[PDB]
Amino acid sequence: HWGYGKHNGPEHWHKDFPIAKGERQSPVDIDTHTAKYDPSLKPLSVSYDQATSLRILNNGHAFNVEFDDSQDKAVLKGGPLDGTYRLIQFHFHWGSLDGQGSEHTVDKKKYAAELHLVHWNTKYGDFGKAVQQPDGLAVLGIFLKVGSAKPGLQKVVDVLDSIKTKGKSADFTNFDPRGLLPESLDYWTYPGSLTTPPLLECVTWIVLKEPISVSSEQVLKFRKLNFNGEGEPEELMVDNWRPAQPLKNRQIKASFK
Ligand code: NI
Ligand code: NI
């Protein structure tokens with residue numbers, strides 16, 4: 001009842017999820033000239049040394065690399081955040097062509113893909129309770145451009161053949177998400193939402209300014225995944241991004257001058 005086709009894509013979602021037309025929807029265009037430096041921000045702290053990856057799942061819209069979120073093993077703190085946010089999964093959004101695929105844009109520029117590291121606020125006990133809160137989630141967003149390979153991405157790419165179709169999963173232990181981060185942690189932040197149904201307005205977005213580079217071959221492997229289940233007609237998993245939504249009564253803050 002939802003996806004990324006013409007018949008069931010972003011422009012239809014509001015019929016089932018009227019929050020699609022809400023006051024704090026994501027993604028947005030980041031107007032770099034209008035974002036303002038915020039001195040009240042604290043330094044970002046990414047603490048991923050004890051991360052425990054478990055599994056990779058094709059859920060029919062993306063693939064998720066899932067983590068053990070039953071302890072504070074991989075946590076995000078600081079920046080705009082109050083308290084501790086635990087990493088639950090990461091996934092990507094990507095295009096059919098290198099010129100589109102990101103959900104956020106920067107001065108209207110689209111990247112080839114966007115990495116989302118999803119974290120939930122431990123004051124709410126579990127993810128399902130967190131998504132019902134305005135400060136429930138913190139998503140670290142990282143743009144991908146095509147250029148050199150990203151070495152720390154290769155282990156992800158090479159398991160994708162084993163999860164081609166919706167509902168397939170594979171063991172995915174001992175993956176280090178630190179190998180997906182750029183050098184700088186400079187960022188933009190704003191209050192927003194999930195970008196997939198149910199579109200809940202529960203996310204503090206933290207979007208890094210510095211993209212990571214991946215190779216042609218790496219992105220091409222994303223594009224070989226399928227939205228469909230095994231034994232259904234093949235539909236390539238591409239263009240699984242929601243376009244930019246109205247900023248409305250929000251200000252985007254920058255961590256840097
Ligand atoms: Ni459906
Ligand atoms: Ni996402």
# chains A, B, ... in the order shown; residues from 1 in each chain; ligands from 1
>>> residues_near_ligand(ligand="ligand 2", cutoff="7 Å", atoms="only C-alpha atoms and all ligand atoms", output="PyMOL selection string")
chain A and resi 91-93+116+195
>>> select_by_dssp(residues="stretch 117-257 of chain A", states="alpha helix (DSSP H)", output="NGL selection string")
:A and (127-130 or 154-159 or 216-222)
>>> write_last_selection(atoms="N, CA and C atoms", output="CSV table (one decimal), in the first residue's frame")
chain,number,residue,atom,x,y,z
A,127,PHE,N,12.5,1.4,21.0
A,127,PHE,CA,12.3,2.2,19.7
A,127,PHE,C,10.8,2.5,19.5
A,128,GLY,N,9.9,1.5,19.7
A,128,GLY,CA,8.5,1.7,19.5
A,128,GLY,C,7.9,2.8,20.3
A,129,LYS,N,8.4,3.0,21.5
A,129,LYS,CA,7.9,4.1,22.4
A,129,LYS,C,8.6,5.4,21.9
A,130,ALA,N,9.8,5.3,21.5
A,130,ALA,CA,10.6,6.5,21.1
A,130,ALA,C,9.9,7.2,19.9
A,154,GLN,N,32.7,-1.9,1.9
A,154,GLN,CA,32.7,-3.1,1.0
A,154,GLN,C,32.1,-4.3,1.6
A,155,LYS,N,32.3,-4.5,3.0
A,155,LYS,CA,31.7,-5.7,3.6
A,155,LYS,C,30.1,-5.7,3.4
A,156,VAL,N,29.5,-4.5,3.5
A,156,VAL,CA,28.1,-4.4,3.2
A,156,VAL,C,27.8,-4.7,1.8
A,157,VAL,N,28.5,-4.1,0.8
A,157,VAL,CA,28.2,-4.5,-0.6
A,157,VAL,C,28.3,-5.9,-0.9
A,158,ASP,N,29.3,-6.6,-0.4
A,158,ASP,CA,29.4,-8.0,-0.8
A,158,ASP,C,28.5,-8.9,-0.2
A,159,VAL,N,27.6,-8.6,0.8
A,159,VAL,CA,26.6,-9.5,1.3
A,159,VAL,C,25.3,-9.2,0.6
A,216,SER,N,31.8,3.7,-8.2
A,216,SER,CA,30.7,3.3,-9.2
A,216,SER,C,30.3,1.9,-8.9
A,217,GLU,N,31.2,1.0,-8.7
A,217,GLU,CA,30.9,-0.4,-8.5
A,217,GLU,C,30.1,-0.6,-7.3
A,218,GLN,N,30.5,0.1,-6.2
A,218,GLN,CA,29.7,0.0,-4.9
A,218,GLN,C,28.2,0.4,-5.1
A,219,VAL,N,28.0,1.6,-5.7
A,219,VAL,CA,26.6,2.0,-5.9
A,219,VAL,C,25.9,1.1,-6.8
A,220,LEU,N,26.5,0.6,-7.9
A,220,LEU,CA,25.9,-0.3,-8.8
A,220,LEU,C,25.4,-1.5,-8.1
A,221,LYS,N,26.1,-2.0,-7.0
A,221,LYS,CA,25.6,-3.1,-6.3
A,221,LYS,C,24.3,-2.8,-5.5
A,222,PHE,N,24.2,-1.6,-4.9
A,222,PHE,CA,22.9,-1.2,-4.4
A,222,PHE,C,21.8,-1.4,-5.3
>>> residues_around(residues="stretch 165-175 of chain A", least_positions_apart="5", cutoff="6 Å", atoms="only C-alpha atoms", output="VMD selection string")
chain A and resid 53 to 60 226 to 230
>>> write_last_selection(atoms="N, CA, C and O atoms", output="short mmCIF file (atom, residue, chain, number, x, y, z; two decimals), in the first residue's frame")
data_model
loop_
_atom_site.label_atom_id
_atom_site.label_comp_id
_atom_site.auth_asym_id
_atom_site.auth_seq_id
_atom_site.Cartn_x
_atom_site.Cartn_y
_atom_site.Cartn_z
N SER A 53 26.92 -5.22 15.58
CA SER A 53 26.04 -5.47 14.46
C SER A 53 25.54 -6.94 14.57
O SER A 53 26.27 -7.80 15.06
N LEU A 54 24.35 -7.18 14.09
CA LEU A 54 23.74 -8.50 14.14
C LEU A 54 23.39 -9.09 12.80
O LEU A 54 23.62 -10.29 12.55
N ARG A 55 22.72 -8.32 11.98
CA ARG A 55 22.00 -8.88 10.84
C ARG A 55 21.80 -7.78 9.79
O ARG A 55 21.80 -6.59 10.14
N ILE A 56 21.63 -8.19 8.55
CA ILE A 56 21.25 -7.27 7.44
C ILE A 56 20.01 -7.82 6.87
O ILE A 56 19.84 -9.01 6.62
N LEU A 57 19.02 -6.93 6.64
CA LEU A 57 17.67 -7.27 6.20
C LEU A 57 17.25 -6.43 5.01
O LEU A 57 17.35 -5.22 5.06
N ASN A 58 16.75 -7.09 3.94
CA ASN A 58 16.03 -6.37 2.88
C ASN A 58 14.60 -6.32 3.29
O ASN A 58 13.90 -7.31 3.41
N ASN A 59 14.10 -5.09 3.65
CA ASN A 59 12.73 -4.93 4.13
C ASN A 59 11.76 -4.52 3.05
O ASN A 59 10.60 -4.18 3.35
N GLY A 60 12.15 -4.57 1.79
CA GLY A 60 11.29 -4.18 0.71
C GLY A 60 11.37 -2.74 0.30
O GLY A 60 10.81 -2.38 -0.74
N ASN A 226 16.37 -5.82 -5.07
CA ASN A 226 14.98 -5.82 -5.51
C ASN A 226 14.02 -5.34 -4.44
O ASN A 226 14.16 -5.71 -3.26
N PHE A 227 13.00 -4.57 -4.85
CA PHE A 227 11.89 -4.25 -3.95
C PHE A 227 11.00 -5.46 -3.69
O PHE A 227 10.39 -5.58 -2.63
N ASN A 228 10.83 -6.30 -4.69
CA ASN A 228 9.93 -7.44 -4.63
C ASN A 228 10.47 -8.56 -3.82
O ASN A 228 11.66 -8.70 -3.60
N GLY A 229 9.52 -9.49 -3.47
CA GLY A 229 9.91 -10.77 -2.91
C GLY A 229 10.35 -11.74 -4.01
O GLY A 229 10.05 -11.61 -5.18
N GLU A 230 11.05 -12.81 -3.56
CA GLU A 230 11.47 -13.87 -4.44
C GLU A 230 10.20 -14.52 -5.13
O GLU A 230 9.23 -14.75 -4.44
#
>>> residues_around(residues="residue A:135", least_positions_apart="6", cutoff="12 Å", atoms="only C-alpha atoms", output="mmCIF file with C-alpha atoms, in the first residue's frame")
data_model
loop_
_atom_site.group_PDB
_atom_site.id
_atom_site.type_symbol
_atom_site.label_atom_id
_atom_site.label_comp_id
_atom_site.auth_asym_id
_atom_site.auth_seq_id
_atom_site.Cartn_x
_atom_site.Cartn_y
_atom_site.Cartn_z
ATOM 1 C CA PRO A 80 21.689 19.378 19.753
ATOM 2 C CA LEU A 81 20.790 16.291 21.784
ATOM 3 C CA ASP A 82 19.837 16.014 25.392
ATOM 4 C CA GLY A 83 20.569 12.512 26.775
ATOM 5 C CA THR A 84 21.774 9.284 25.124
ATOM 6 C CA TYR A 85 20.638 7.873 21.808
ATOM 7 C CA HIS A 119 19.280 6.118 17.034
ATOM 8 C CA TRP A 120 16.596 6.232 19.748
ATOM 9 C CA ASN A 121 16.468 8.126 23.027
ATOM 10 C CA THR A 122 17.069 5.770 25.885
ATOM 11 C CA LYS A 123 14.692 7.669 28.176
ATOM 12 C CA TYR A 124 11.870 6.045 26.250
ATOM 13 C CA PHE A 127 12.290 2.156 19.747
ATOM 14 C CA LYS A 129 7.903 4.096 22.353
ATOM 15 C CA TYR A 190 16.722 20.581 12.472
ATOM 16 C CA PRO A 191 13.559 18.934 13.852
ATOM 17 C CA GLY A 192 11.834 16.594 11.399
ATOM 18 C CA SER A 193 10.295 13.261 10.718
ATOM 19 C CA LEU A 200 6.135 10.332 12.450
ATOM 20 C CA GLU A 201 7.452 13.686 13.613
ATOM 21 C CA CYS A 202 9.920 12.194 16.074
ATOM 22 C CA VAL A 203 13.393 12.903 14.596
ATOM 23 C CA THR A 204 16.211 15.287 15.432
ATOM 24 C CA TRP A 205 18.125 15.271 12.143
#
>>> residues_near_ligand(ligand="ligand 1", cutoff="10 Å", atoms="only C-alpha atoms and all ligand atoms", output="PyMOL selection string")
chain A and resi 1-3+8+60+197
>>> write_last_selection(atoms="N, CA, C and O atoms", output="PDB file, in the first residue's frame")
ATOM      1  N   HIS A   1       1.022  -1.223   0.000  1.00  0.00           N
ATOM      2  CA  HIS A   1       0.000   0.000   0.000  1.00  0.00           C
ATOM      3  C   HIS A   1       0.985   1.178   0.000  1.00  0.00           C
ATOM      4  O   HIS A   1       0.392   2.307  -0.050  1.00  0.00           O
ATOM      5  N   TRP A   2       2.334   1.025   0.118  1.00  0.00           N
ATOM      6  CA  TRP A   2       3.132   2.242  -0.208  1.00  0.00           C
ATOM      7  C   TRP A   2       4.439   1.805  -0.758  1.00  0.00           C
ATOM      8  O   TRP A   2       4.950   0.720  -0.440  1.00  0.00           O
ATOM      9  N   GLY A   3       5.073   2.672  -1.521  1.00  0.00           N
ATOM     10  CA  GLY A   3       6.384   2.435  -2.057  1.00  0.00           C
ATOM     11  C   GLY A   3       6.874   3.681  -2.719  1.00  0.00           C
ATOM     12  O   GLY A   3       6.614   4.784  -2.315  1.00  0.00           O
ATOM     13  N   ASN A   8       2.151   4.460  -6.072  1.00  0.00           N
ATOM     14  CA  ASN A   8       2.109   4.317  -4.622  1.00  0.00           C
ATOM     15  C   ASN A   8       3.225   5.123  -3.889  1.00  0.00           C
ATOM     16  O   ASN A   8       3.505   4.901  -2.721  1.00  0.00           O
ATOM     17  N   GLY A  60      12.148  -4.569   1.794  1.00  0.00           N
ATOM     18  CA  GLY A  60      11.292  -4.184   0.708  1.00  0.00           C
ATOM     19  C   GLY A  60      11.367  -2.744   0.301  1.00  0.00           C
ATOM     20  O   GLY A  60      10.812  -2.380  -0.740  1.00  0.00           O
ATOM     21  N   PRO A 197       6.446   6.162   5.534  1.00  0.00           N
ATOM     22  CA  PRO A 197       5.285   5.859   6.367  1.00  0.00           C
ATOM     23  C   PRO A 197       5.727   5.094   7.609  1.00  0.00           C
ATOM     24  O   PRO A 197       6.477   4.123   7.459  1.00  0.00           O
TER      25      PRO A 197
END
>>> atom_distance(atom1="atom CA of residue A:87", atom2="atom CA of residue A:67")
6.8 Å
>>> select_by_dssp(residues="stretch 96-252 of chain A", states="strand (DSSP E or B)", output="number ranges by chain")
A: 105-106, 109, 113-121, 137-146, 169-171, 187-192, 203-208, 212-214, 226, 236
>>> closest_residue(among="A:164, A:178, A:250, A:209", to="residue A:237", atoms="only C-alpha atoms")
A:164
>>> closest_residue(among="A:103, A:177, A:95, A:234", to="residue A:74", atoms="only C-alpha atoms")
A:177
>>> closest_residue(among="A:144, A:247, A:240, A:30", to="residue A:61", atoms="only C-alpha atoms")
A:240
>>> decode(residues="stretch 29-74 of chain A", atoms="N, CA and C atoms", output="PDB file, in the first residue's frame")
ATOM      1  N   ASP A  29      15.382  20.661   1.886  1.00  0.00           N
ATOM      2  CA  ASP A  29      16.543  21.307   1.313  1.00  0.00           C
ATOM      3  C   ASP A  29      17.250  22.111   2.380  1.00  0.00           C
ATOM      4  N   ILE A  30      18.562  21.953   2.455  1.00  0.00           N
ATOM      5  CA  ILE A  30      19.405  22.700   3.368  1.00  0.00           C
ATOM      6  C   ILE A  30      19.992  23.860   2.573  1.00  0.00           C
ATOM      7  N   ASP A  31      19.492  25.070   2.873  1.00  0.00           N
ATOM      8  CA  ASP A  31      19.950  26.298   2.262  1.00  0.00           C
ATOM      9  C   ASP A  31      21.127  26.751   3.088  1.00  0.00           C
ATOM     10  N   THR A  32      22.326  26.570   2.564  1.00  0.00           N
ATOM     11  CA  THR A  32      23.562  26.732   3.340  1.00  0.00           C
ATOM     12  C   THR A  32      23.752  28.191   3.716  1.00  0.00           C
ATOM     13  N   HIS A  33      23.240  29.114   2.959  1.00  0.00           N
ATOM     14  CA  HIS A  33      23.427  30.511   3.228  1.00  0.00           C
ATOM     15  C   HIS A  33      22.454  30.930   4.300  1.00  0.00           C
ATOM     16  N   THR A  34      21.270  30.308   4.449  1.00  0.00           N
ATOM     17  CA  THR A  34      20.309  30.714   5.442  1.00  0.00           C
ATOM     18  C   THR A  34      20.473  29.975   6.755  1.00  0.00           C
ATOM     19  N   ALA A  35      21.129  28.825   6.790  1.00  0.00           N
ATOM     20  CA  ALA A  35      21.373  28.105   8.056  1.00  0.00           C
ATOM     21  C   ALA A  35      22.189  29.009   8.926  1.00  0.00           C
ATOM     22  N   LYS A  36      22.000  28.968  10.163  1.00  0.00           N
ATOM     23  CA  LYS A  36      22.731  29.821  11.097  1.00  0.00           C
ATOM     24  C   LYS A  36      23.564  29.070  12.113  1.00  0.00           C
ATOM     25  N   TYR A  37      24.790  29.517  12.298  1.00  0.00           N
ATOM     26  CA  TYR A  37      25.621  28.951  13.365  1.00  0.00           C
ATOM     27  C   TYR A  37      24.961  29.047  14.683  1.00  0.00           C
ATOM     28  N   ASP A  38      24.934  28.045  15.451  1.00  0.00           N
ATOM     29  CA  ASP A  38      24.311  27.983  16.808  1.00  0.00           C
ATOM     30  C   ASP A  38      25.322  27.749  17.902  1.00  0.00           C
ATOM     31  N   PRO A  39      25.612  28.801  18.688  1.00  0.00           N
ATOM     32  CA  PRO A  39      26.654  28.597  19.772  1.00  0.00           C
ATOM     33  C   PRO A  39      26.209  27.697  20.883  1.00  0.00           C
ATOM     34  N   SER A  40      24.876  27.474  20.989  1.00  0.00           N
ATOM     35  CA  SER A  40      24.342  26.693  22.120  1.00  0.00           C
ATOM     36  C   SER A  40      24.548  25.210  21.876  1.00  0.00           C
ATOM     37  N   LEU A  41      24.937  24.780  20.662  1.00  0.00           N
ATOM     38  CA  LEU A  41      25.236  23.395  20.433  1.00  0.00           C
ATOM     39  C   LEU A  41      26.478  22.901  21.212  1.00  0.00           C
ATOM     40  N   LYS A  42      26.434  21.680  21.662  1.00  0.00           N
ATOM     41  CA  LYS A  42      27.583  21.050  22.417  1.00  0.00           C
ATOM     42  C   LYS A  42      28.335  20.279  21.444  1.00  0.00           C
ATOM     43  N   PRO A  43      29.531  19.839  21.737  1.00  0.00           N
ATOM     44  CA  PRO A  43      30.258  19.002  20.668  1.00  0.00           C
ATOM     45  C   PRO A  43      29.471  17.641  20.336  1.00  0.00           C
ATOM     46  N   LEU A  44      29.461  17.176  19.132  1.00  0.00           N
ATOM     47  CA  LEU A  44      28.831  15.799  18.795  1.00  0.00           C
ATOM     48  C   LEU A  44      29.720  14.757  19.355  1.00  0.00           C
ATOM     49  N   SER A  45      29.109  13.719  19.909  1.00  0.00           N
ATOM     50  CA  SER A  45      29.882  12.565  20.382  1.00  0.00           C
ATOM     51  C   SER A  45      29.296  11.333  19.768  1.00  0.00           C
ATOM     52  N   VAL A  46      30.096  10.690  18.926  1.00  0.00           N
ATOM     53  CA  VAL A  46      29.774   9.425  18.329  1.00  0.00           C
ATOM     54  C   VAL A  46      30.622   8.342  19.038  1.00  0.00           C
ATOM     55  N   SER A  47      29.991   7.448  19.754  1.00  0.00           N
ATOM     56  CA  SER A  47      30.710   6.413  20.548  1.00  0.00           C
ATOM     57  C   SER A  47      30.312   5.061  20.056  1.00  0.00           C
ATOM     58  N   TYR A  48      31.036   4.535  19.046  1.00  0.00           N
ATOM     59  CA  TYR A  48      30.694   3.317  18.386  1.00  0.00           C
ATOM     60  C   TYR A  48      31.679   2.194  18.648  1.00  0.00           C
ATOM     61  N   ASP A  49      32.634   2.351  19.578  1.00  0.00           N
ATOM     62  CA  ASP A  49      33.645   1.345  19.793  1.00  0.00           C
ATOM     63  C   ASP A  49      33.091  -0.035  20.203  1.00  0.00           C
ATOM     64  N   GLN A  50      32.009  -0.076  20.953  1.00  0.00           N
ATOM     65  CA  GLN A  50      31.405  -1.346  21.406  1.00  0.00           C
ATOM     66  C   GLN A  50      30.244  -1.801  20.561  1.00  0.00           C
ATOM     67  N   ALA A  51      30.091  -1.271  19.375  1.00  0.00           N
ATOM     68  CA  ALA A  51      28.937  -1.636  18.517  1.00  0.00           C
ATOM     69  C   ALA A  51      28.884  -3.136  18.257  1.00  0.00           C
ATOM     70  N   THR A  52      27.702  -3.646  18.272  1.00  0.00           N
ATOM     71  CA  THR A  52      27.456  -5.029  17.911  1.00  0.00           C
ATOM     72  C   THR A  52      26.451  -5.115  16.824  1.00  0.00           C
ATOM     73  N   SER A  53      26.918  -5.224  15.581  1.00  0.00           N
ATOM     74  CA  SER A  53      26.037  -5.473  14.461  1.00  0.00           C
ATOM     75  C   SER A  53      25.537  -6.939  14.572  1.00  0.00           C
ATOM     76  N   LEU A  54      24.348  -7.177  14.088  1.00  0.00           N
ATOM     77  CA  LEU A  54      23.742  -8.505  14.143  1.00  0.00           C
ATOM     78  C   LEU A  54      23.395  -9.095  12.801  1.00  0.00           C
ATOM     79  N   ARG A  55      22.723  -8.322  11.977  1.00  0.00           N
ATOM     80  CA  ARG A  55      22.003  -8.877  10.839  1.00  0.00           C
ATOM     81  C   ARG A  55      21.796  -7.782   9.795  1.00  0.00           C
ATOM     82  N   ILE A  56      21.629  -8.185   8.550  1.00  0.00           N
ATOM     83  CA  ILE A  56      21.253  -7.272   7.443  1.00  0.00           C
ATOM     84  C   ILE A  56      20.013  -7.817   6.870  1.00  0.00           C
ATOM     85  N   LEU A  57      19.022  -6.929   6.642  1.00  0.00           N
ATOM     86  CA  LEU A  57      17.668  -7.272   6.195  1.00  0.00           C
ATOM     87  C   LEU A  57      17.246  -6.427   5.006  1.00  0.00           C
ATOM     88  N   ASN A  58      16.747  -7.085   3.942  1.00  0.00           N
ATOM     89  CA  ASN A  58      16.032  -6.370   2.881  1.00  0.00           C
ATOM     90  C   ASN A  58      14.600  -6.320   3.294  1.00  0.00           C
ATOM     91  N   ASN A  59      14.100  -5.086   3.651  1.00  0.00           N
ATOM     92  CA  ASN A  59      12.727  -4.928   4.133  1.00  0.00           C
ATOM     93  C   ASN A  59      11.759  -4.518   3.049  1.00  0.00           C
ATOM     94  N   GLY A  60      12.148  -4.569   1.794  1.00  0.00           N
ATOM     95  CA  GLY A  60      11.292  -4.184   0.708  1.00  0.00           C
ATOM     96  C   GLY A  60      11.367  -2.744   0.301  1.00  0.00           C
ATOM     97  N   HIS A  61      11.988  -1.887   1.103  1.00  0.00           N
ATOM     98  CA  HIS A  61      12.190  -0.554   0.668  1.00  0.00           C
ATOM     99  C   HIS A  61      13.654  -0.149   0.708  1.00  0.00           C
ATOM    100  N   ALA A  62      14.469  -0.707   1.610  1.00  0.00           N
ATOM    101  CA  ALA A  62      15.893  -0.515   1.717  1.00  0.00           C
ATOM    102  C   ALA A  62      16.491  -1.771   2.305  1.00  0.00           C
ATOM    103  N   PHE A  63      17.773  -1.763   2.629  1.00  0.00           N
ATOM    104  CA  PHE A  63      18.327  -2.760   3.504  1.00  0.00           C
ATOM    105  C   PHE A  63      18.775  -2.127   4.807  1.00  0.00           C
ATOM    106  N   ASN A  64      18.498  -2.775   5.920  1.00  0.00           N
ATOM    107  CA  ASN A  64      18.905  -2.291   7.235  1.00  0.00           C
ATOM    108  C   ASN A  64      20.031  -3.203   7.791  1.00  0.00           C
ATOM    109  N   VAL A  65      21.106  -2.573   8.261  1.00  0.00           N
ATOM    110  CA  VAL A  65      22.089  -3.251   9.086  1.00  0.00           C
ATOM    111  C   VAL A  65      21.704  -2.958  10.528  1.00  0.00           C
ATOM    112  N   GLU A  66      21.313  -4.040  11.215  1.00  0.00           N
ATOM    113  CA  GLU A  66      20.743  -3.959  12.551  1.00  0.00           C
ATOM    114  C   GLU A  66      21.769  -4.214  13.608  1.00  0.00           C
ATOM    115  N   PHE A  67      21.617  -3.531  14.784  1.00  0.00           N
ATOM    116  CA  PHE A  67      22.510  -3.604  15.899  1.00  0.00           C
ATOM    117  C   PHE A  67      21.839  -4.074  17.132  1.00  0.00           C
ATOM    118  N   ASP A  68      22.601  -4.577  18.096  1.00  0.00           N
ATOM    119  CA  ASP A  68      22.111  -4.861  19.425  1.00  0.00           C
ATOM    120  C   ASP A  68      21.923  -3.546  20.137  1.00  0.00           C
ATOM    121  N   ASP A  69      20.682  -3.139  20.399  1.00  0.00           N
ATOM    122  CA  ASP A  69      20.324  -1.920  21.064  1.00  0.00           C
ATOM    123  C   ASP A  69      19.707  -2.192  22.464  1.00  0.00           C
ATOM    124  N   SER A  70      20.140  -3.306  23.064  1.00  0.00           N
ATOM    125  CA  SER A  70      19.641  -3.706  24.446  1.00  0.00           C
ATOM    126  C   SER A  70      20.625  -3.181  25.509  1.00  0.00           C
ATOM    127  N   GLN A  71      21.711  -2.519  25.165  1.00  0.00           N
ATOM    128  CA  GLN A  71      22.681  -1.829  26.029  1.00  0.00           C
ATOM    129  C   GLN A  71      23.224  -0.661  25.327  1.00  0.00           C
ATOM    130  N   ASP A  72      23.891   0.263  26.001  1.00  0.00           N
ATOM    131  CA  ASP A  72      24.546   1.423  25.416  1.00  0.00           C
ATOM    132  C   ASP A  72      25.902   1.060  24.783  1.00  0.00           C
ATOM    133  N   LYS A  73      25.812   0.331  23.777  1.00  0.00           N
ATOM    134  CA  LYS A  73      27.013  -0.117  23.028  1.00  0.00           C
ATOM    135  C   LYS A  73      27.483   0.837  21.936  1.00  0.00           C
ATOM    136  N   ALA A  74      26.593   1.467  21.252  1.00  0.00           N
ATOM    137  CA  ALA A  74      26.871   2.385  20.146  1.00  0.00           C
ATOM    138  C   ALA A  74      25.929   3.516  20.294  1.00  0.00           C
TER     139      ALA A  74
END
